[PDB]
Every structure is written in C-alpha cells, then in structure tokens.
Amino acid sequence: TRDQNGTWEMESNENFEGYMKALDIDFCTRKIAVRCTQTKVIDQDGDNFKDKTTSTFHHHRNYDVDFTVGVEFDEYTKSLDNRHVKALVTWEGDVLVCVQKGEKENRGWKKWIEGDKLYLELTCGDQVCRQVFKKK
C-alpha cells in the first residue's frame, strides 16, 4: 500500500552507526543518536507528505555506595570514570573525608553539613569540584 499516514514509533534500528559514519558524523553525535528513541508522524494527502520526526535521548543513572567509616572498601566508580579505587572514609571533626587510592593521585572527597545544606568537594589532582545540596 501507498498510504503511509500515521504515528510511527521506531521498534528496531540496524547499522545506524555505519550509516552515520558514512556521513562523516563525529563519534559523539553517533553515540547520542544511536541511543535515541524515534517517533515519526506522517500526514499524507495523495502525493503530498508532511513528516515530523521527534528524536528523544533519555539518561538515568543510579550509583549506590555503602561503607563504614574507618573500614577501607573497594569502590568501582561506575557513575564517573569506572575505575577501581581503595576508599577510606574518616571523620575530621564534623567533615567526612575520603581518600580514594588508585591510579589517580590526590583523589578523594570531603562532605559536611553547614547551615542546613550538604557540601561536597570532589578532588582529583589539581581539580576541585564543589557541589551544594539542599534538603527536599
């Protein structure tokens, strides 16, 4: 049949990355594009076509870590760089301090309550990231 009218949801995708490579699309765009869902709305009147395609990219990660202060533990940093470190968490006053021994030097974090907010400083080498969280 020639009638392509309808709302179409992509259910299978084969060799999208090979096609994109042939178009000289960079590895980054290919990595996001191949993870997208695709919805195609086709409005067709005889030989006249309107095609609206919506591509959607959705990312969710969960990263769960359990530890006991003072007991060195094995950490696999799956939510970041996916490396194995030997982490040791200790208290320095009211600050929670973690050294993450492994491939990277000067790697760890500090976590503390100040005001009614949670402060997190992550360090690796010469870089320090500071994050602040509020209670929900």
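One rule holds for the numbers: they count along the sequence shown, beginning at 1.
Trainee: Report the stretch with the higher mean CA temperature factor, choosing between 53 to 61 and 79 to 87 on the basis of the entry.
Mentor: The entry gives the higher C-alpha B-factor average to 53 to 61.
Trainee: On mean Cα temperature factor in this entry, is 89 to 97 or 43 to 51 the higher one?
Mentor: Per the PDB record, 43 to 51.
Trainee: Using only the C-alpha B-factors in the record, can you name which of 121, 11, 116, 126 has the highest?
Mentor: Checking the PDB record, the top C-alpha B-factor among 121, 11, 116, 126 is at 116.
Trainee: Sorting the chain's modelled residues by C-alpha B-factor, tell me whether residue 71 ends up in the lowest, middle or highest third.
Mentor: Lowest third of the chain for residue 71's C-alpha B-factor.
Trainee: Splitting the chain's C-alpha B-factors into thirds, which one does residue 130 fall into?
Mentor: Lowest third - that is where residue 130 ends up once the chain's C-alpha B-factors are sorted.
Trainee: Classify residue 110 as lowest, middle or highest third according to the C-alpha B-factor given in the PDB entry, relative to its own chain.
Mentor: As the PDB entry reports it, the C-alpha B-factor of residue 110 lands in the lowest third of its chain.
Trainee: Please rank the C-alpha B-factors of the chain's modelled residues and tell me whether residue 104 sits in the lowest, middle or highest third.
Mentor: Tercile = lowest for this residue's CA B-factor.
Trainee: Going by the entry, which third of its chain does the Cα temperature factor of residue 23 land in?
Mentor: For residue 23, whose C-alpha B-factor we compare with every modelled residue in the chain, the answer is the middle third.
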